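>>> Sequence and experimental coordinates follow.
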Amino acid sequence: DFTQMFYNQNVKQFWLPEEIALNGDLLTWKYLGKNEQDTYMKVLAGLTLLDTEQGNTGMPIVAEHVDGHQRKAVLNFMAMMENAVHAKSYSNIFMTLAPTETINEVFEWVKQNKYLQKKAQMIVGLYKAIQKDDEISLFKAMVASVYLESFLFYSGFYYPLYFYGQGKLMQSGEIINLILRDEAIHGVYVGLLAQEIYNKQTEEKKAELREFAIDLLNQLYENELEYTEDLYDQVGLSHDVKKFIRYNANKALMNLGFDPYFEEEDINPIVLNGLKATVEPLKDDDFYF
Amino acid sequence: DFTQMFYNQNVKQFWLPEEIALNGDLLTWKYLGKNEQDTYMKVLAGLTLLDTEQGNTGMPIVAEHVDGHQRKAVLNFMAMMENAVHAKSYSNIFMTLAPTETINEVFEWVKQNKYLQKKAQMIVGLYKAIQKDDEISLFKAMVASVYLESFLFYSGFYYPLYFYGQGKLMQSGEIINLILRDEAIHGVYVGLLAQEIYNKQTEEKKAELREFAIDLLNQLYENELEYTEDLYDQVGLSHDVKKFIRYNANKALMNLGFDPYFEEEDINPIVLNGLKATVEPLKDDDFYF
Amino acid sequence: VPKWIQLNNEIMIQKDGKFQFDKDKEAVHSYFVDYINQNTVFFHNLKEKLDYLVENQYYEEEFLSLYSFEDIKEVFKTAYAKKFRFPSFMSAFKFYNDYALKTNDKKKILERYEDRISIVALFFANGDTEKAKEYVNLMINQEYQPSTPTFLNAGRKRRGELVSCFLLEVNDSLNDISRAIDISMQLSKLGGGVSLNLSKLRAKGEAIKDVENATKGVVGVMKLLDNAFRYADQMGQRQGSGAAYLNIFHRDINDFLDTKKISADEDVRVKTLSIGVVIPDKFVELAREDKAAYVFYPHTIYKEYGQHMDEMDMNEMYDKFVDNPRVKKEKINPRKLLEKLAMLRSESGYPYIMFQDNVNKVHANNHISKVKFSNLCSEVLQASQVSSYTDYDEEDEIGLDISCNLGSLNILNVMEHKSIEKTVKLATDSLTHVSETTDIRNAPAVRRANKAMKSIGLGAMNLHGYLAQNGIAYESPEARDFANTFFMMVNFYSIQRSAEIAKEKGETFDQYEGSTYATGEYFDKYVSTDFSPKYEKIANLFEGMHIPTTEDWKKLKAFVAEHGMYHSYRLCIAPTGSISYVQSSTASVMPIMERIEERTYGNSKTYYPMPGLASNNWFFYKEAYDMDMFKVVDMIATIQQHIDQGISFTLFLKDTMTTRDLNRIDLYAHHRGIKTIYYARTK
Amino acid sequence: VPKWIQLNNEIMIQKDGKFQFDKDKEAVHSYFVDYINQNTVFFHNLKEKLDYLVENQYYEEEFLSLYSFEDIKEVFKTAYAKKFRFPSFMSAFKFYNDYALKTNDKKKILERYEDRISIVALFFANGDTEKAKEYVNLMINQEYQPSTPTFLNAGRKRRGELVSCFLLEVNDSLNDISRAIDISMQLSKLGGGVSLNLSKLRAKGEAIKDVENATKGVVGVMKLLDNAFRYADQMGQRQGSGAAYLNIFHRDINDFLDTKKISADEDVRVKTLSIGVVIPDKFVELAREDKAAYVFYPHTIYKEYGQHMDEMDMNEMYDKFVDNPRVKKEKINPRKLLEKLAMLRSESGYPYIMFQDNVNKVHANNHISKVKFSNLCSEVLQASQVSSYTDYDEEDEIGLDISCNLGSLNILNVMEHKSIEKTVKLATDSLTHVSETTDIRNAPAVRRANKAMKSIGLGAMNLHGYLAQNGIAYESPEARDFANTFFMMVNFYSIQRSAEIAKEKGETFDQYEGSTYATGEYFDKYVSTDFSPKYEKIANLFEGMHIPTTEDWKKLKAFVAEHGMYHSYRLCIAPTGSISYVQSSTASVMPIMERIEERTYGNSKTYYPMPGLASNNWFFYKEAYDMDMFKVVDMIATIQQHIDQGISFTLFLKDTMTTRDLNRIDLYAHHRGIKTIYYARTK
Ligand SMILES: Cc1cn([C@H]2C[C@H](O)[C@@H](COP(=O)(O)OP(=O)(O)OP(=O)(O)O)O2)c(=O)[nH]c1=O
Ligand SMILES: Nc1nc2c(ncn2[C@H]2C[C@H](O)[C@@H](COP(=O)(O)OP(=O)(O)O)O2)c(=O)[nH]1
Ligand SMILES: Nc1nc2c(ncn2[C@H]2C[C@H](O)[C@@H](COP(=O)(O)OP(=O)(O)O)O2)c(=O)[nH]1
Ligand SMILES: [Mg+2]
Ligand SMILES: [Mg+2]
Ligand SMILES: [Mn+2]
Ligand SMILES: [Mn+2]
Ligand SMILES: [Mn+2]
Ligand SMILES: [Mn+2]
């Protein structure tokens, strides 16, 4: 009911890194404090590292196990955007703002970081556990994928959106907004594929899959809180970032056809400013009574 | 030495079938004989099948086994083109020119056609035989992919080109030329990756790989002859198409770094005739003259 | 989690193997005592409250000035003398969330249930204190519920129209199409659902003044109307809802149906425009015999005969159309079209099915016009005349566009009070008042038809609730016996009240003299057949209440012949969506979809057992999907024989039901005299 | 392959290193003697031809009845005495494919070029035989070309209107929006392009009768208009074309521009609706100073001040709006908005740019109203007054909606014949007749403004063709000197003809006495500055033709002050798309895009060299993309100072230039007095 519509929306959102000139960001970058520059670098590396997993494994593995030519095509398009567009865009932002040696060090740090690694490996673990012709394991991986696309990225997106909403780092903020807009539709689409599997299950199996999804969300959420304090306490933003994480967790759940887990909260206004039963023929004698 | 330039070429060649309005072909299509329309539909259906498998299976699987994020980005982009752009374009052509029943019938015809099933069996079999960290199985699949890109498509491409060259079906022909332009660069790129693996081998191993490549080519060739006769005898063109596929077989071999295998022949001259803005911020001095 | 929400959630907690149905009384008591009494603005006296409401632009001073303050105080006394208590939490929640008057910032509550009922009654009476007290007694006893527009908006300064169903005829011209779009936007702005007849529009590929194959058909107008309804979205409050009706013999019928397919192209699909198909008996006859049918280009028929195709009787004109070489047509398979209709209804619930000859064989105003289409809810079936909207400088020829005022009797409360006659007559008076006080300044045909026809719709609700609370199965023959007797009495007293109003005002509706009421043909089945209950149990339900006999019907026929009839149309059974919760009633005459209703409001989930549900009557509250749709058709046809307009008839289907089963239900409905079919709801 | 298109393709076959330009003469000769003379219906005498055309509903009897057949015969002899021959295959092909009359089955050819010209001349003269002969001489010499609507439909029975540009002001009401949709469909049905001003409409999130955040903004009306234009497409042969204009200080400006983004969603993007942006000098000043600009909510301004925002002077009221607390405003970055405009024009060619203070500082009828928007072709710049369309029962306040009749002088043929005065006066008479015979009976404001303003548009074409065939570069100062003198002379003779018409008919255009013509301020630069050519090369081009001096302009100023002016507006330079082929002329006053233009018609490919292109003037035919847009802006601004309305100014951009270059071109155009910018065409 939905793949051709998503095909259309995906291809009409096509864009390339070269379209946004990045050099003019140096005119606001130079005015940020060390903590602001440090947080931005770390957040950016976090997003880059997670998005690489999605391009190399997450999207291609789902495309491999999903049946249907049109779905495989949409999924291929999404994988292309991760690898050919998003990855180049993140690299471009980095090369503009930091010298080569600084980029290498930030990636070394974020690569060793406990909270980034915990979530990255949790997601990758579920992708590696998909078994051929087993729709339960596929569903679990789709849940992981939706959580990455619609939830885990947002502790990171917060900061570029925060600057973007203030008139700072506008070129890289525009790029991030385009990336985020792609991840939103990726999350919604994979969510619909997960609901299709979920709806084919018994009531007991459904309850079991719901428990899986909520348990996974809880593990990721508790790590996000730690990740958030680790990055944002030094710039005084953690309270507001936490509200943004919960709001996006609720969107991820709704993508999977589940109820919101967290109470509704208002979001930081600066970040907001940045943001067929069965056909049977009539065989006569049905017109007579 | 080459991936970056292929990356740039692939992304700059990006297109969608909807860019080309097809209603202009309606009259030249109406005017073709029933035999001509039948061959044309079947030819494009055979192409659709090849692109379906190249997009779903061939390109993603090669992407999985090739090392390097940039090489993977090129291969992922090529995969997207296969199933999200190329395979879909044929349906745009079908939906314009043909009634639903004729479309349904031709897709049923691909499923039961023995030559089309044999060529798919052979090519996809090699893709699915790739073993992780086994460069020889990967080479064999890359040879198969080059043969699909640079040889197998051409029994199909002949007919749209033959019409384009006579000023007939020129909108459909424009789509086909764009597809052909893509496959030419896809065949070169995969050819270069295959040569990388071949060049790592002992002389004895190389001799075996040439045997594999030539045996595979001959087996595919013999099947393609029967396919060509089956499609083109009713339009009187089988001998001409055969010359064309031999011509392109030599190009496939060359893409693999091998000498031409078939002698040169005169190709129908008709078929030969068938062949955002950058954002810059405003300065203060821009407002005075 | 609110305390009342927790208490309402304890219904599903099964204690001793039974639901805790008594928790909903605790839930509503907690809801009131903890939220409503806290958020209800209180005034020292009623005078201060009334002054605050009129001066702060909440009420209308015009209708309140018709009474001395003593009379208004006594009316409010009568409302509060009943000490009305909401039996369930959902009743009070729905009232205080949808109909209770709130402050301009929607923070506090100005109106209780008694205040709203008193204001509605004072507006209804129009200066009569005893009449206002009678309306207060009728509504606080919950025997009669004015429709959502009337109940919500009566006596409010910043109110929408009291009518929400409109039916527009669209003529085959660009002037008329533009005027239809304008009127649709104006009526949707007022908050009313708009139904448009597209059968007069010429099909796709028709000539426009010597330029052949130039018309986009009814689908271009459909897109225009869909965007018009999307734009006129009721000030961004509630989504604009409209309906389009096309005859099944229209050439564009397949294009008309393709707008609702899930695979429909974005240049064909319509989102906010419901579709209804009008089916004459000729189409059913052609499909029955499997003869290949013809759909006709309307403009060719208009050019050949000077009359619109939908203005003519297809039963006599179909052979002439087919044999006419100057009438353009294409062959169709009527059985394939029926199967396509059933498939579309299974997939999306659309289209509505209106059986044209079922409506018009009992239509009392065929002299004015035949009924060609229905409203957005598929129960309004009235004669319409298309308007000829000319150029700007010229004078328009205004026709009749349908718009009737809705009200619902509570069958349970009317039956327990033994007040069928009094409730029916008071409801007729209130609907008449709403009709007279309605003036729409941008729909000239709607206004003209409201002034001329004076048509009202008096519906009924809580049929399944009344039957299940009296130990009667909905599909049982006793249920149909009760429906027969009850709605015969309702029709009798509505006709009597209409004739009494005609005698009092000395005027009937326009072109009454040609109606079957004037000739007495309407009363034939009533002066010939006895409609008293055939079962002792049902006859005991009407104890203490005079059931009209054949002699009573003859007296009514003589009275109508002598004095005329004030309303062209009186009775139509609307769905009664949200007012059913407030009245603690089952929706309309339909059977209940679920025994206990699970809904989520905000972040908290709510539970609504059907009114009167308990352990003793649990299995009499049979869910609609578990029911035999043939027996539901039988019930609705039993009711339909006493309703002059149609009934909103929703089909409740299981997932296992095929296209053939839906087609069989539709054909049995056609066979049994069903006028319209509303929705195909699948479980 | 056709013989004529085979000969036409031999132009590109380079023989001896040169294009075979003479093949096009052989191409057109073969085209005629192998297709046209064969497919031409020939009658024994002209009387039989005219009787056949009148009887079979091809012509109109009324205009042919004002002449005795001897006079019509004399007119046709005058047309055929010239023995006109098309110089290129494209000229004859375009005429006989677009404008030549064909039989009802589109099989044979009824009208030759002489027949069409004679019919148009007899239509223009309105009973005068000598005037008809003068018009025949004017058009057969190709000195003047009536616009595509007039040339195509003059004297035809089943015809559209002779005017195709309409400008509508939409008031901030649902009645006015519905009337705008209706009028847009009515005018698109007539074949005209409709432009609408959406600035008076309140922005998104404004209140509709004290309920806030209710208005959908101008984008909802944009979607309504887009679907209205898609519906009224005239068979789809030429789909309905509309333009929407928004002031840059409207709050919805960003959403207005987002409707043209490639990444726009289907619920926002409009496809058949062109967009234009009206930019006051205040916005350019704010962007120049890099200050923080504010977009405003129009309804707040209207409530606070009693006037619409676009009816007020922004350069004097912007600070008052910003300081006013009761006015709602949104902070924007004017330079970011300018960059977005440049990016949108690079990616789509939209929006059209109107420099409002450039239009209104020289506007002659600011007393009637200021120019607030342009047309679909972005060259009509006239005063408009918004209408107040009320409810159905109430009378409407009809304003002034712009429409003018188009006509182009052929600069090459006018200069060759040394007939600027006679051509301008005869073209003015013909355009006046077209204005007088136009009666739009479904657009009240268009009709009223046509009767009152009597506005005409007299344009020119073949400027680049004339300059290149005279050895003058388009960017050269000599070209601008010639344009200055030529268009000053055209303005002089158009003003003289308007004053003579006012003297003869004894009437001026409505509210003429408040115009700058009446006050004499219009003639200041003409009585003070001499516009004689400054170069001896240009001065010889005007040899044998009197150039009005300052004394002549003083005499004309006295004549206008003593007799008045008949036309409020006289000169507007339209794109002149397809009539340029027939006249063998370059399009409008813009430079050529391609030296040899390659086109595909059906399954045939044909090439069109620019008129007069050869090897001796190959490099004088410089393509528009290869030249400096600053010099093209200089040329258009030189022409614009003698044109009372605007000039359809297309920007020809290379792929190499960024959005900064486009913004620089726009700012230089604003600095140089350019009124409107039409298109950003990129190669
Ligand atoms: C009715 C309606 C109006 N509008 C917008 C479009 C009009 O420009 C604007 C004015 O509507 P109006 O028709 O003028 O509504 P109104 O007169 O009742 O409100 P007001 O007193 O403020 O004038 O409201 C919508 O956006 N949607 C709607 O449904
Ligand atoms: N006092 C008061 N009465 C209200 C209000 N809303 C409705 N009423 C009803 C209750 C009574 O039936 C009626 C008269 O109330 P009142 O003015 O206090 O009367 P009284 O008891 O002092 O004579 O009005 C209200 O806000 N205050
Ligand atoms: N005969 C004829 N003349 C036509 C036709 N269409 C245009 N004309 C023009 C040619 C002449 O200039 C003019 C008079 O032609 P005619 O009626 O044959 O007159 P004449 O040649 O006897 O003087 O009409 C046409 O179809 N037939
Ligand atoms: Mg008509
Ligand atoms: Mg208003
Ligand atoms: Mn990504
Ligand atoms: Mn993603
Ligand atoms: Mn391909
Ligand atoms: Mn390929």
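Received the coordinates, thanks. Residues are numbered from 1 along each chain as shown, chains lettered A, B, ... in the order given. Ligands and ions are numbered 1, 2, ... in the order given.
>>> Within range of chain D, give me the residues from chain A.
A:9, A:12-13, A:15 (Cβ under 8 Å from any Cβ of the partner chain). All C-beta spots, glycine's among them, are computed from the backbone N, C-alpha and C.
>>> where does the stretch 101-250 of chain A come near ligand 7, residue by residue?
Within reach of ligand 7 by Cβ under 5 Å from the ion, the stretch 101-250 of chain A has these residues: A:183, A:186.
>>> Identify the residue of the stretch 101-250 of chain A closest to ligand 7, quick one.
Closest residue of the stretch 101-250 of chain A to ligand 7, Cβ to the ion: residue A:186 (3.7 Å).
>>> May I ask you to confirm that that residue is in contact with residue A:80?
No: with contact defined as Cβ atoms under 8 Å, residue A:186 does not reach residue A:80; the gap is 11.7 Å.
>>> the more surrounded of these two?
residue A:186 (28 against 25; other Cβ atoms under 10 Å in any protein chain shown).
>>> need the residues of the stretch 1-150 of chain A near ligand 1, please.
On the criterion Cβ under 6 Å from any ligand atom, ligand 1 has no neighbours in the stretch 1-150 of chain A.
>>> count of residues packed around the residue in the stretch 1-150 of chain A positioned nearest to ligand 3?
Residue nearest to ligand 3 within the stretch 1-150 of chain A: residue A:12 (54.4 Å; Cβ to the nearest ligand atom). Residue crowding around residue A:12 was assessed by other Cβ under 10 Å; the count is 15.
>>> Give me the nearest residue to it, chain neighbours excluded.
residue D:263 (6.3 Å; Cβ to Cβ, 6 or more residues apart in numbering or on different chains).
>>> Report the secondary structure element holding that neighbour.
Counting by DSSP states H and E, no helix or strand carries residue D:263.
>>> what number of residues lie near it?
Counted with other Cβ under 10 Å, residues neighbouring residue D:263 total 14.
>>> which ones are touching it?
Taking Cβ atoms under 8 Å, 6 or more residues apart in numbering or on different chains, we find residue D:263 in contact with A:12-13, A:15.
>>> Kindly indicate which of those residues lies nearest residue C:424.
residue A:12 (58.7 Å; Cβ to Cβ).
>>> and the gap between the closest one and residue A:191?
From residue A:12 across to residue A:191, the span is 20 Å (Cβ to Cβ, to the nearest Å).
>>> cool, residue C:378 as well?
From residue C:378 across to residue A:191, the span is 35 Å (Cβ to Cβ).
>>> again, but for residue C:549
According to Cβ to Cβ, residue C:549 stands 65 Å off from residue A:191.
>>> more neighbours, the two?
residue A:191 (24 against 15).
>>> Phi first, then psi, for that one.
In this entry, residue A:191 is assigned phi and psi values of phi -60, psi -40 (degrees, to the nearest 10).
>>> domains for chain C, by residue range?
C:3-142, C:143-280+C:334-683, C:281-333 (CATH domains of a matching chain).
>>> what's the burial count for residue 232?
With no chain named, the answer covers chain A. The burial count for residue A:232: 23, using other Cβ under 10 Å.
>>> Hmm, no, I was thinking of chain C.
Neighbours of residue C:232 using other Cβ under 10 Å come to 27.
>>> any idea how far it lies from residue C:186?
Residue C:232 sits 8 Å away from residue C:186, going by Cβ to Cβ.
>>> Let me see the ranges of the helices in chain A.
For chain A, applying DSSP state H gives helices covering A:3-12, A:26-29, A:34-53, A:59-65, A:69-80, A:87-97, A:100-112, A:114-128, A:135-147, A:154-164, A:170-198, A:203-232, A:238-255, A:269-274.
>>> Compile these into JSON lines and extend it with columns for distance to ligand 6.
As requested, the helices of chain A are arranged in JSON lines below (distance: least, Cβ to the ion, whole Å):
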{"stretch": "helix A:3-12", "distance to ligand 6": "13"}
{"stretch": "helix A:26-29", "distance to ligand 6": "23"}
{"stretch": "helix A:34-53", "distance to ligand 6": "4"}
{"stretch": "helix A:59-65", "distance to ligand 6": "9"}
{"stretch": "helix A:69-80", "distance to ligand 6": "8"}
{"stretch": "helix A:87-97", "distance to ligand 6": "8"}
{"stretch": "helix A:100-112", "distance to ligand 6": "17"}
{"stretch": "helix A:114-128", "distance to ligand 6": "13"}
{"stretch": "helix A:135-147", "distance to ligand 6": "11"}
{"stretch": "helix A:154-164", "distance to ligand 6": "11"}
{"stretch": "helix A:170-198", "distance to ligand 6": "6"}
{"stretch": "helix A:203-232", "distance to ligand 6": "18"}
{"stretch": "helix A:238-255", "distance to ligand 6": "15"}
{"stretch": "helix A:269-274", "distance to ligand 6": "18"}
